[PDB]
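Going by the working numbering, the first sequence opens with residue 2, and the numbers climb by one from there. A virtual CB, placed ideally from N, CA and C, is assigned to each residue, including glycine. This report concerns only the one structure given below.
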Amino acid sequence: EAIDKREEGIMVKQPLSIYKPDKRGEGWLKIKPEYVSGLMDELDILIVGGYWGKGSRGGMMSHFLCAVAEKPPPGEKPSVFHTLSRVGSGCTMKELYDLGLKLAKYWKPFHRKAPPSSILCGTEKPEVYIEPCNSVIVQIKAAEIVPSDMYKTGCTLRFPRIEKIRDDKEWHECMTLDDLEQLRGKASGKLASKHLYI
DNA sequence: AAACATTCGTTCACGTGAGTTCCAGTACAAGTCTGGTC
DNA sequence: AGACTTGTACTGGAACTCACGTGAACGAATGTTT
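In structure tokens, the structure reads:
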């Protein structure tokens, strides 16, 4: 019912539970479509930019800016991209280092005065831009789609998190802009639009 | 009187169960990095 | 919000050792039979 009502989950409480400040779970629990496996629709999209990390992840790429591809003419590959959102979490340290090494040599500095033709940005400009012909397809378990004025697509993902840097799929198998619009209109925002059967 | 068995009696090797030390794997709390909007 | 890293604790499995039990080789001594 919560999913059908476009809600954000449910909360379960024990009748005998007592109030204990600063306790992460003593009788109060939260059930959301994110936790259940398979209910959400994973979003696989390309990587078009990266940013330098801060703190422990100093000398490496900590977060990345991803873009969806447009609809090319029949028999032609997509050469135009629109930025969707930014992903910083979901990748382990070893996987993050491997991804950085895989694209360390292909990284190219980004200049605001001369934005790349292949990648078109909105208000957020990546520090380093990478051309699309050589990139990995990152999978993100987005919670919902909200209207964003900082990206060309006009929409962004709430609580984005990387799930896997897929290697089987190539750079040309990313989502299309029409596919993104269809997904947005499927449930008017929240991606969780599937019931649970057991 | 000699040979066999038998016996028999022993003892050694091998196998199974209980206690002790060490380390791999798992659960929980907190720090740390990162996402977006007004 | 979320996910990963760090720590802390906590436990169960593996390896080692010893005690108990058993099987069975065998070696020789003795008794019986021819």
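Exercise for the section: Note down the Cα distance separating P73 from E27, rounded to an integer number of angstroms. Expected result: 53 Å
Practice task
Counting only the same chain and skipping the five closest in sequence on each side, list residues whose C-beta sits under 8 Å from that of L97.
Solution key: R58, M61, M62, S63
Practice task
Give me whichever residues DSSP pairs with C156 in a beta bridge.
Solution key: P148
Problem - Exposure of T124, with buried meaning 16 or more beta-carbon neighbours within 10 Å - result: exposed
Practice task
Report buried or exposed for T157, applying the criterion of at least 16 other Cβ atoms within 10 angstroms of its Cβ.
Solution key: buried
Exercise for the section: For the alpha helix (DSSP H) containing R185, list its first residue and its last residue. Expected result: 178-188
Handout entry: For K31, the residue or residues it bridges with in DSSP
Key = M12
Problem - Cα-Cα separation between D169 and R159, rounded to whole angstroms - result: 27 Å
Practice task
For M12, I'd like the list of residues in its chain whose CB is within less than 6 Å of its CB, leaving aside the five on either flank, ordered along the chain.
Solution key: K31
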